[PDB]
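Listed here are the chains, written in short residue letters.
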2 protein chains.
Amino acid sequence: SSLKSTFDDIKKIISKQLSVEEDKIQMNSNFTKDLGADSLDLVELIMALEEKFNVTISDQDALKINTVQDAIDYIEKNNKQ
Amino acid sequence: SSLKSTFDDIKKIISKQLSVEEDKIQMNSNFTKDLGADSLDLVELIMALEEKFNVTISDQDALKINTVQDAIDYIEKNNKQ
Ligand SMILES: *OP(=O)(O)OCC(C)(C)[C@@H](O)C(=O)NCCC(=O)NCCS
Ligand SMILES: *OP(=O)(O)OCC(C)(C)[C@@H](O)C(=O)NCCC(=O)NCCS
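Procedures and definitions
- Residues numbered from 1 in each chain as written, not as in the entry; some residues may be left out.
- Chains lettered and ligands numbered in written order.
- Heavy atoms only, no water.
- Residues with missing side-chain atoms left out of burial classes, pairs and counts.
- Helix = DSSP H or I, 4+ residues; strand = E, 2+ residues; numbered from the N terminus.
- Buried < 20%, exposed > 50% of the residue type's maximum accessible area, 1.4 Å probe, protein only.
- Polar contact = N/O pair within 3.5 Å; in protein donor to acceptor, adjacent residues only side chain to side chain.
- Contact = heavy atoms within 4.5 Å.
- Near = heavy atom within 4 Å.
- Areas by Shrake-Rupley, 256 points an atom, 1.4 Å probe, with all protein chains shown as cover.
- Nonpolar A, V, L, I, M, F, W, Y, C, P; charged D, E, K, R; others polar.
- UniProt positions renumbered as here; feature names shortened; annotations may be inferred.

In its metadata, the entry names X-ray crystallography as the structure determination method and reports 2.55 Å as the resolution.

K.L.:
I'd like a rundown of the side chain of B:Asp70, residues and numbers included.
P.N.:
Note that B:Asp70 resides in helix α4 (residues 68-77). The exposure class assigned to B:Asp70 is buried, which follows from its relative accessible area of 12%. Here the side chain of B:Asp70 touches A:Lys33 through a polar contact of 2.7 Å, side chain to side chain. Beyond its immediate stretch of four places on either side in the chain, B:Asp70 contacts A:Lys33, B:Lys64 and B:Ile65.

K.L.:
How would you sum up the site of ligand 2? Please name residues and give values.
P.N.:
Lining the immediate surroundings of ligand 2 are A:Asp59, A:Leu63, B:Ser39, B:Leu42, B:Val43, B:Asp59, B:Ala62 and B:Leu63. Looking at what sits near ligand 2, you find residues from chains A and B. For ligand 2, whose unbound accessible area comes to 510 Å², protein coverage reaches 62%. Elements supplying a minimum of two residues to the shell around ligand 2: α2 (39-52) and α3 (59-62) of chain B. Class assignment of the residues belonging to the shell around ligand 2 gives a composition of 5 nonpolar, 1 polar and 2 charged.

K.L.:
Outline the UniProt feature "binding site: (R)-4'-phosphopantetheine 1" (unreviewed entry) in chain A, listing residues and values.
P.N.:
Under the UniProt annotation, "binding site: (R)-4'-phosphopantetheine 1" (unreviewed entry) lies at A:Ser39. Take A:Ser39: it is sitting in helix α2 (residues 39-52).

The following block contains the structure:
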């Protein structure tokens, strides 16, 4: 998919799973440091992304997802084998 | 402690637990993204820091330790109650 639609939905998801304001979400926003996600929020987020984009984010790959950009970069790469 | 001695030892530890070159470690180095630490390397690192500086890094606080600077900033803050 073109990034625009992809970023639109991720933003909508992140704002739904963490209950922060949609417009306070930016490419460089850190999930744990800037958005205040805890252990359980992360699990819920990674799974929300896994269902919307129908991907699988292995625990190895989740270690490298710190920012929204990381989320987008991964989704775009590991959706097409 | 003054940061210099603290940074000296952390560098020595990170280089020991991850087997990367000491000089390739910088303040902004990401543990999982730049240094290639896996799940088990992280556990071993957090515990190595916990024994050298005799602190306790709760799982809540470990979520916010992405870079070497984060490691240093935390150690310096949460060592003096
Ligand atoms: O909050 P907590 O320490 O109980 O749990 C944190 C972890 C990283 C174990 C969970 O959030 C978890 O396993 N989530 C699924 C995979 C990740 O989110 N991994 C991110 C590692 S920073
Ligand atoms: O590599 P893995 O998914 O099996 O485990 C990753 C976690 C984050 C569960 C461990 O590295 C772990 O719990 N380590 C102790 C606390 C942390 O390192 N937390 C960092 C969260 S990114």
